[PDB]
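Notes follow the structure.
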Number of protein chains: 14
Amino acid sequence: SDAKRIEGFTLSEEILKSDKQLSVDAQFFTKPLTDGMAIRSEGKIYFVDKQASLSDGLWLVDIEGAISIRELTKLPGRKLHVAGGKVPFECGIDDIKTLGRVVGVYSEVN
Amino acid sequence: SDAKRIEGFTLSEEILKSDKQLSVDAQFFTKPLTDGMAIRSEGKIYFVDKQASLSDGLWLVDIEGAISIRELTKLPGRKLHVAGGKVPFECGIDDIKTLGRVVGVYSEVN
Amino acid sequence: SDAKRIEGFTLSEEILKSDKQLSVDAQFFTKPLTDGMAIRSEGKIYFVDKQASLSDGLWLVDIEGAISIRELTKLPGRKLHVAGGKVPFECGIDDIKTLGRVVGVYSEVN
Amino acid sequence: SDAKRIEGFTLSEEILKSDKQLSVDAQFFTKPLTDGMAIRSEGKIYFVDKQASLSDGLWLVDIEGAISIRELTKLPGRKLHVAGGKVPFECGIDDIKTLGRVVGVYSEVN
Amino acid sequence: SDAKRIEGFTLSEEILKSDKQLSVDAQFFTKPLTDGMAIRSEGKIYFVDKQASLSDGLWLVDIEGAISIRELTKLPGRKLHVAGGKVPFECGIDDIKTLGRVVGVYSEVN
Amino acid sequence: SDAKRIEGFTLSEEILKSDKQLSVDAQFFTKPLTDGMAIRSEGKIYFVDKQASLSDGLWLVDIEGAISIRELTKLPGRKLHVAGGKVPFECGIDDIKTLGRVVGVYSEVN
Amino acid sequence: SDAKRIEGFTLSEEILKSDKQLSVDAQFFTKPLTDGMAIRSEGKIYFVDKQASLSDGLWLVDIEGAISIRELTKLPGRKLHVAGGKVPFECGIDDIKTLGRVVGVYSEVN
Amino acid sequence: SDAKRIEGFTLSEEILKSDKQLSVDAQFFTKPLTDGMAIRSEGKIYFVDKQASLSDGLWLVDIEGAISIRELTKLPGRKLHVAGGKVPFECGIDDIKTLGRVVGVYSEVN
Amino acid sequence: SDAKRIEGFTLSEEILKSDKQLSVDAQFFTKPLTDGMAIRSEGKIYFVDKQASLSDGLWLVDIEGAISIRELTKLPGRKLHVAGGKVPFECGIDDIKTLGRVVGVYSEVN
Amino acid sequence: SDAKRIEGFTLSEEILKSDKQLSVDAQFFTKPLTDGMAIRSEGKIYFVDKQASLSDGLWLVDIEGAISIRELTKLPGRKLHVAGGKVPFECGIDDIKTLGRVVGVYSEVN
Amino acid sequence: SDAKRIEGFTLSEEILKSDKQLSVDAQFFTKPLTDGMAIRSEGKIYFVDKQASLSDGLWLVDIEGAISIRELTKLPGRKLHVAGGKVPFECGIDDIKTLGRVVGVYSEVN
Amino acid sequence: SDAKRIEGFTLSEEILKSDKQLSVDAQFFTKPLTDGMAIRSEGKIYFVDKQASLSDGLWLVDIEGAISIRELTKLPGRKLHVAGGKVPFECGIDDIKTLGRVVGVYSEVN
Amino acid sequence: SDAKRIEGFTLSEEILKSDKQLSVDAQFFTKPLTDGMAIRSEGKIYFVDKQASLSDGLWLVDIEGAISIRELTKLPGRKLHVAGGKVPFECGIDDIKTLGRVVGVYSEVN
Amino acid sequence: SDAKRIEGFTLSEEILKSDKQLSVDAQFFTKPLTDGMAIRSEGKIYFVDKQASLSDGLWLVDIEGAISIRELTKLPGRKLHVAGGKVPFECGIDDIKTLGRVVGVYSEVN
C-alpha cells in the first residue's frame, strides 16, 4: 500500500555504518517519522527518530565516540541514568550525545 | 529499495479481521516469506508464515474458533503445551488449528 | 464536550442492584460502548460491555446466582479458569453465565 | 444525570497538550473537583486537582520542563522521594513544580 | 445522634454466649443491619448480619458444634474453602452451618 | 445498652474536618475514653484519645500542618521514628505535634 | 496475696510423672482454674485445665500411651491436625485422648 | 507447698504502676529471686530481678522516663543494642536506666 | 571426681563394632545412664541408653541389618517417620529395631 | 579405661564460677588437653584449652569483665570480628581477653 | 596444522539439511571423531558423533520426525527424561531415535 | 572444505604460552578473522581478534602482567568495569592492556 | 615414604576402561584399602573399595551396562534412591550392581 | 607405577608443622609439581606449589605469622580480596606472604 523509505545503517562493535535503504510502511508509526533511521543491530532493526526531544526512553547514543542503544532516564540536576549495557551508570546529559529516540523495533529472533 | 507487500489483518478480542495491506522490505526476513500475514495486535505487528510446518515456537492459532498468538511445545503423544495466555495448558495437536508461524515481530511499545 | 449516559448499578455481597445513571464521555472508550453498564463495586466503577463475545479477559459473571467480576481464561474442552476470588477454580463454560466484559475501570483508591 | 465538564489534555513524550473537553459526572469525585484537568496518557485518563496542597500521593509534575505523573513522598529537610519513572530518586521540593494531585484514574487497559 | 441497639455475645473457646446489649450508631453500617449480633472475641468486636445469604466473605460459623469466625470461599460442586484457623481446609457447604456474615469489625488492639 | 457520644471528624487530603457526632458504646474501650475523637479516614473509623501521654503507638499527628495517622517510636535523644507513610523517617519529637493516640479501629473493608 | 496450690508433674521422654505441688496465685488465670495441673517440661511450666472442652488450641495429650503437648486443630469429619512434634499429622479425634488444655505457660528460657 | 510473695505492678502506656502482691512458688526460679518484681503487661507476667548486674538479656528499662521491656546487647564502647520495640536502635549504657533483668515470663495467651 | 565406665563402639559403613571402654563422668547425664553405649561415629561420640522406651527423638537403630543413628517420629498407625539419612521415609515400627536412644553428644568438629 | 580429670565451672549471667571437677576420657581429645576447663553453660559442656594460641575459632572470652563463648576471626590490623551473641561486632585484639579455645562440646539438648 | 573435514548440515525449524563441509582441526576433539557431523543451529555449531553409544548427555535426536538437540537422562524401565525444549518430558527410549552425541560446541554469540 | 590456520596459545596460571597452530574453517567466523589467536584455556578454545577496536564485550587482557579473559564494559570517564574473575572491579581503560576480543568459543565441557 | 600401587581406570561415556596403575600412599586411607580402584573421571580421581558392603554413600555402579558414580540411599523394601545424575530415581537393589564404595576423592579442579 | 615423593606437613591452629613425606603419583598433576608440599589440614590434604607466581586462586598464606589456605583475588591498586575464613576482607598484596598455590586436593570426607 503506502511505501516509505528510510535511510538504513548497521551498528556493530559500537560503530555506526551507512547501508541499504529500507522500505517500510507508514502504518508502522503512530506518530509520523519524517527524518528517520533504520538501524540493523544484532538481529533486530531499530527505527530511530532523529528529531525527538530528550525524554525518558530508549535512545541511540554516542558516548565518547562509542555508538549504542541505551535506556535513558533523567535525574534531577541535568543528570542521566544510562542502562542497556552490562552495567548501568550515571552521568551528566552533557557527557553524552543523543542521536535520536527509538520509536519501534523489529525482531525475527524471539 | 526492495518493496514487498503483505496481506494485513488486525487481531482483537480474539477475532481476526482483514485490513490494509502492509508494505515491508524483504530484508526483514532471513528466510523468504512468500505466503505471509501481517497481524496488528495490541500495538505490535506480527509477521506470520502460513506455510510453516509444525515446530516448537510462536504461533498464530485458532482454538475452538478463538484466534490468538501462542507459544507451542510438542510433547510425546502428539500433545502440545500452549503458553501465552493467562494460564498455560496442554492438549492434543488435533484440538488446535495452526494458521502459521510467527517469523518476526515489530513493536513501537517497549 | 460529548455527554454519554450509562445505566448504573452497585455490586455488593454478590448481589447486583440498579442505581442512578452515570454520565460519562465517549472518549473513555476506544471501541464504542453502546449497551453498557457502570457497576459501582468496592470503591471502583467498572464499565461493562453486555454485547461482548466470549474472549479471555475480565468479566461480570453470574455463578449459580452469585454475581461477581472475574478473570476468565478459556481452556480446551469448553472449559474455564476462573480467577479473582480468594481461590481460583475451573469449570465448563456452561456452568457460568457471562453478563458482559469489563472494558475499563475507574478508581479513586490507589 | 449530573454532567460536569473538565478541561482535557494529552500527555505524550513528556509534553502536555490541550485537547477536547471531557464530560464527567460529579459522582466521580468524593471531594468537589472545581479546577480540574483530565489528562489522557497511555491508555488511561488521570483526573487532576490543580488546587491541591502538597501531600504524599500521585502528582502531575514538571521537572526542568518535563511533564509527568509521579508518586511523591516528603522527606525531612524539604526533600522529596520521586517514584514512577524507570528509576526513583530524591531532590528538594524546590527542584520540582507540582501542577496538581491525581484524585482519580480511569483505565480501559487492565 | 442515632442510637442503635444490637444483641451482644462473647465467643470464647468456640462457645458462643449471650451478653450485654451493645449500643452502636447506624452510621457504622452502609447497608442496614436489622437482625444483628455484636460478638466480642479476642479483643475485637465482630458485627454480624444473621440475614446474609451465602457469599464469599468472613462468616460466623458452626462446624460440628464449634463456633468460629472463618473466611469462606465457594468452590465448584457445592464446596467450600474454609480459612481463618491454624490450618485451612475444604468441605461441602452442608458440612457447615452459617450463622451470619461479618459486616464490620472493631478493634482496640492494633 | 450504654450509649456514648463522640465528636466526629473526617480526614482527607491531610485535612481534618468536623463532622457528625458518632454514637458508640463504652464497651468499645477497655480504658475510659473521655475526651475522644472519631476520625473517618479511608473506609475506617479511628477512635482517638486526645488525653494520651506520648508512648510508642499509632497516633493522630500534625506535621507542619499536615494531619495524618502514623506509628511513632521513641528513639534516644528525644527523637522519633515515623512510619505509616510511603517512606518512614526520623525527626525530633518537637518537630511534630501529637493530637492523640488511636485506641481502636473500626473497619468494614477487610 | 492469694495463694493457690496446683498438683505438679514432670513430662519427660513422653512419660508423665507426679511431683511436688506448685504454689501459684489466682491472678495467673483470667478464667478460674479449678482442676488443674502444672507440668514441668523442658525448662517450662505448662498450666493445664483438665476440665476443658475440646477446642482448637494447645493440649496435653496421650497418643497410644505417649504423653505430649500438641496444638490441635479440628477438621471436618471428626478429624484433627496435630502439630508440635517434628512432623505434623492428621488423625481422628478418637485416635487420641485429651488430658486438658494449656491455659498458660511459664518460662525461664527465652 | 512453698508460698513466696513478690511485689506486683502493671506496665501500660509505658507507665509502671504498683499493684496487688503476687503469690508465687520458689520453684519458679532456679536462682533465688530475693528482691523481685512481678510486672503484669499485655496478658503476660514478667518476673524481674532488681539485683541483676548488666548482662545480655531481657530487661525492664527506663529510657528518658518511659518504662519498657527490652532486649539488651552490649556493644564495644559502653554501647547498647536495644531491641523489642517496633524499631531497634543503639545508644550508650548511660543513656538508659536498667531496673532489673527478666528472669521468667508467664503467659496465658499463646 | 566421679569416674564412670561405658562399653564403647565405633559405627562405620553401617557396621557396629565393639571397642575400648570409655571413661565418662556421671555429671554428663541428667538421668542416670545405667546400661549405656558410647558410639564413635564420624568424629562424634553418641551416648546411648539401651533401656529407653520408644519416644520421639534421636535413636540408634537397625534396619534390615544396617546400623545407623536416626531421628524417629511416631505417626498414627504404629508408624514411623525416619530422618537423618539423605532421604527421609516412613515405615511401621515393626520394620525397624531400636537399639537405644541418644541421650547426649560429644563433638570435637564444629 | 583412661580416666582424666578436668577443672569444672559454670557460666551463667556472664559470670564464670568454679564447680565440681569433671571426669573425662583422653579419647575425647585428638590433641592432648593438659590445662583444661570444662564449662557447663546452658545445657552444654564446653571443653576449653587455656594454653591455645590465638587463631580463628570458638573462644571463651572476657570482654570488659563479661565472660562468654564467642566465634573469633582475625581481621587485618590486629582486629577481630566477634560473633556468637545477638549482634556481631568488631574491635581490637587488645579490647578483649582470651581465656582459652573451645576444643570440644558435649550436649544433651539437640 | 592438522586439517580435518566434517560433513556439514543446518538444523532449522526442526528440519536437518545437508550443507557445506566444515574444516576443523583434530585438536578440537580429545577422543577421535571419525564419523562426525557439524550442525549449524541458531548461531552455534554442534559437533556430533554418529557412533556414540547411549549415555546421559547432549544428543542430536529424532522424535516423531522432528529433529533437535536434547539432554537425555536414562531412567529405570528403559525410560528417558528429555530436556532442552521449553518443557521437559519423559518417554521410552524406543519412542525416540538418537542420531549421535554432541561432543563439542562452538559459539560466536555469548 | 576451506582450511584456515590460526596461531595457537594456552593460557594457564595467567601466563600465555605459544603452542601448536590450529586448523579452523573460515565458516567459523561471520566477520573475517585475519589476525587471530586460538587460546586454549580450561577446556575451552577462545578465538580472539587481535585487531578489534575497544568495544563492550569479552576480551583477552593483560593487567599488570597478568593475562586473562574478562568481560569489559566502558563507563564514562575512560573507565572500565572488569568482570569474569571472582570479584569484579573498575579501573581506567589505560590501567589495562587489551590483546584482542573473543569472537567465538568452542567447548567440549557443557 | 609408604608407596602403594592401585589398579587405575578411566570412566568416560559411561564406559570403564583399564589404565595405568597409580601410585598412592597408604596415608590417603584411614581404613586399609586392599583391593582398590582409582577411577579417573572428569578431572577427578575416585578411589573405590571393591570389598565394601552395601551402605548409604557414594558408589561406583553398573546399571544395565552403564557405569557411573552415584549416591545410594537404602529405602524400606530393598529399594534404592539413586542420585548423582541429572535426575534422581528409585529402584530395587537388585536392579543395580555395585562395584565398590568411593572412599576418597582427589581433584585438581575447584 | 610412577611414584613421587612430596614433603609433608600438617596445618593446625594456624601453625604449620613438618611431618612424614607423602608418596603420590605424578599423574595427580597436569603441570609438573617440582617443589611441592602436601599439607594435611582438617581431614583433607592440600597439594601446594611453592614456585607458583601470584595469580587468582587458592593459596597457602602467612598473614602476620598465621598460616592458612585462602582464596585470593587481585584488585586494582596492588590489593587483595581474601576469602576462606569466616569473614572475607581486603588488604595490600604486601600485607600478606604467599607460600604457594593449591594445585590439588584430596579428601576422604564428602
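Rule-based calculations on the coordinates, nothing more; no lab input. So basically every Cβ, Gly included, is an ideal-geometry build from the backbone, and we count neighbours across all protein chains shown.
Numerical summary
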quantity	calculated
The stretch B:21-60: number of residues that are farther than 23 Å from K:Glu14 by Cα and among the acidic types (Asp, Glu)	2
Any hit, the stretch L:3-24, residues being on the phi > 0 side of the Ramachandran plot and either of a type in the set (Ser, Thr, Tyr) or part of a strand (DSSP E or B) (or both)	no
Residues that are without any contact (Cβ under 8 Å) to a residue 12 or more places away in the chain and closer than 20 Å to M:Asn110 by Cβ, drawn from the stretch N:80-108	N:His81, N:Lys86, N:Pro88
Residues satisfying the stated conditions in the stretch G:19-35, i.e. of a type in the set (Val, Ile, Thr) and more than 9 Å from chain H (Cβ to nearest Cβ)	G:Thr34
Subset of the stretch G:1-18 [within 11 Å of chain H (Cβ to nearest Cβ) and not acidic (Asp, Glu)]	G:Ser1, G:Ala3, G:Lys4, G:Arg5, G:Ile6, G:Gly8
Residue within the stretch H:39-58 that is over 30 Å from J:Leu80 (Cβ atoms), among the small types (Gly, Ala, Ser) and either surrounded by fewer than 18 Cβ atoms within 10 Å (Cβ to Cβ) or in contact with a strand residue (DSSP E or B) (Cβ under 7 Å, 6 or more places away or on another chain) (or both) present	yes
Boolean, B:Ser18 is more than 17 Å from K:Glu13 (Cα to Cα) and either free of Cβ contacts under 8 Å to residues at least 12 places away in the same chain or touching a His at 6+ places or on another chain (Cβ under 8 Å) (or both)	yes
Residue in the stretch B:49-59 that is among the charged types (D, E, K, R) and closer than 30 Å to A:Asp56 by Cα present	no
Unique match (being within 14 Å of chain D (Cβ to nearest Cβ), small (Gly, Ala, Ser), over 28 Å from D:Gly92 (Cβ atoms) and in contact with a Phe, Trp or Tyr (Cβ under 9 Å, 6 or more places away or on another chain)) among A:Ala38, A:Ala52, A:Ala83	A:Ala52
Failed condition for M:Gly77, given (1) free of Cβ contacts under 8 Å to residues at least 24 places away in the same chain; (2) more than 12 Å from chain I (Cβ to nearest Cβ); (3) assigned to a loop (DSSP other than H, G, I, E, B)	(2)
Filter result (closer than 11 Å to N:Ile6 by Cβ and of a type in the set (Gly, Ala, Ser)) within the stretch N:32-61	N:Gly36, N:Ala38
Candidates G:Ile69, G:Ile63, filtered to the one that is hydrophobic (A, V, I, L, M, F, W, C), under 30 Å from E:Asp62 (Cβ atoms) and in contact with a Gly (Cβ under 8 Å, 6 or more places away or on another chain)	G:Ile69
When residues of the stretch I:14-38 are limited to those that are in contact with a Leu (Cβ under 9 Å, 6 or more places away or on another chain) and closer than 30 Å to M:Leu58 by Cα, the one surrounded by the fewest Cβ atoms within 10 Å (Cβ to Cβ)	I:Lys17
Members of the stretch D:31-41 that are polar (S, T, N, Q) and in a strand (DSSP E or B)	D:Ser41
Residue in the stretch L:42-60 that is assigned to a strand (DSSP E or B), within 27 Å of K:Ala26 (Cβ to Cβ) and among the basic types (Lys, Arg) present	yes
Qualifying positions in the stretch A:55-74 - more than 7 Å from every other protein chain (Cβ to nearest Cβ) and among the basic types (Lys, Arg)	A:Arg70
Pick from the stretch E:86-101, criterion within 9 Å of another protein chain (Cβ to nearest Cβ) and not charged (D, E, K, R), ranking: surrounded by the most Cβ atoms within 10 Å (Cβ to Cβ)	E:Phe89
Of all residues making up the stretch B:64-110, the number that are under 17 Å from C:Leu80 (Cα atoms), β-branched (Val, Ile, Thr) and more than 13 Å from the chain's Cα centre (by Cα)	3
Answer residue from the stretch C:80-95, given it is among the hydrophobic types (A, V, I, L, M, F, W, C) and outside any strand (DSSP E or B) and is farthest from E:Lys79 (Cα to Cα) among those	C:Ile93
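Conditions (1) over 23 Å from C:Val103 (Cβ atoms); (2) in contact (Cβ under 8 Å) with a residue 60 or more places away in the chain; (3) in contact with a helix residue (DSSP H, G or I) (Cβ under 6 Å, 6 or more places away or on another chain), marked per residue:
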{"site": "D:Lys4", "(1), (2), (3)": "no, no, yes"}
{"site": "D:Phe9", "(1), (2), (3)": "no, no, no"}
{"site": "D:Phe28", "(1), (2), (3)": "no, yes, no"}
{"site": "D:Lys31", "(1), (2), (3)": "yes, yes, no"}
{"site": "D:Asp35", "(1), (2), (3)": "yes, no, no"}
{"site": "D:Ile39", "(1), (2), (3)": "no, no, no"}
{"site": "D:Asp62", "(1), (2), (3)": "yes, no, no"}
{"site": "D:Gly65", "(1), (2), (3)": "yes, no, no"}
{"site": "D:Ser68", "(1), (2), (3)": "yes, no, no"}
